[PDB]
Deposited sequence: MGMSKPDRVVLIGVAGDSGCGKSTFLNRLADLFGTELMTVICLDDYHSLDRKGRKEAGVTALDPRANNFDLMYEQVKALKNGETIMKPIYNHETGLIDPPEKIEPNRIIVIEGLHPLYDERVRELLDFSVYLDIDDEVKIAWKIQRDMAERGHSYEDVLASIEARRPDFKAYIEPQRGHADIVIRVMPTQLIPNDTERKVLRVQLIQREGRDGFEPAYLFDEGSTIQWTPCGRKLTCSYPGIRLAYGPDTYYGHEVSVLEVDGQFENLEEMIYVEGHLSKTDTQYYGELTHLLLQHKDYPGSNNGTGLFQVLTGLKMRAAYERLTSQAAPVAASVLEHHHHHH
């Protein structure tokens, strides 16, 4: 029967090893496993692992995915309709018989091409893109320089042709970069992280520092917070990005204790937390998650808070 329910559709774009499973685990801390259903878009591969090898294409290739079928079932789910979704088996590399997916209050589609097809794009209510510099992405996989570099060098043509342009369509881009606080760094364990927040989505107001419309460089270490060198550095300001207006929040360095975390949170505006300290609580809820001490975990939680705010906004009427 007809319903007043508004199913909210969310997209998470990125390659593997880009913190995507970590990000989805943090979203579970905010929504739970009950009313959120997560769909790995690899299920819409048209070619299985042996098929892609014999056709000579990677999984990044659009000719190895069925966007007609993806759009059919995502649209059906958003109409409160039950679907029979195929299953891609990452172990055996095969496309297994389908399973029954029931519509939920929140549908999150995640994978390589959630923002690639305009038909699916029009269905999404909010989206992220996890952007990892080839420098940082190389450092994560290596933690053999030669063999990894070759691995990411073979995939980059497909990546820049089909994957990277999705950044222009995301409401939020989480960009991970090498640090600027350490001269000639080798390990890439300290990270400079940016939260690129697009202007345009109807109710989505960006988190900011001090003044939402202007540019600030801020070092929180001082008379009220002690840090060891090099410390923490933050930035905020308007900018343009793929021809659209954005608000960029930035953080560089590591949090070495809880006091530095709550100090930064207390000085951020419009984080959409529901109580003072919720950002720090969620960030420390899983100490083992990678990035729990720097800007990657911080901005993942912040992005989820924006999704929660977009969800509560869409389901208020």
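- Not built in the structure, per the record, are deposited positions 1-2, 146-153, 328-343.
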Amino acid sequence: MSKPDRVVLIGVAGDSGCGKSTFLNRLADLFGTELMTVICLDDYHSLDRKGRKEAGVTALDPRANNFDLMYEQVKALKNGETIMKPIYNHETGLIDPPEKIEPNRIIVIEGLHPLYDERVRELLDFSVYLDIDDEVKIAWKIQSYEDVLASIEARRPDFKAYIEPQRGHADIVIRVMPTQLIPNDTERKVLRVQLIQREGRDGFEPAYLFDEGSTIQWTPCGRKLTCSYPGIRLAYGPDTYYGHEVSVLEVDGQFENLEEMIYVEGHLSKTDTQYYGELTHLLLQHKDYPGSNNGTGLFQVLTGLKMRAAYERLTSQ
From here on, numbers count along this sequence of modelled residues.
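- For the two regions 282-290 and 251-259, the entry's Cα B-factors average higher over 282-290.
- According to the PDB record, 146-154 carries the higher mean C-alpha B-factor of the two stretches 146-154 and 175-183.
- The residue among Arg192, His244, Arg121, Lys141 whose C-alpha carries the highest B-factor in the deposited model is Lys141.
- Remark: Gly17 belongs to the highest third of its chain, ranked by C-alpha B-factor as recorded.
- Among the modelled residues of its chain, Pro98 has a C-alpha B-factor that falls in the middle third, as given in the PDB entry.
- The deposited CA B-factor of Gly32 belongs to the highest third of values across its chain.
- For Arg167, the recorded CA temperature factor ranks within the lowest third of the chain's modelled residues.
- Among the modelled residues of its chain, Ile106 has a C-alpha B-factor that falls in the middle third according to the deposited record.
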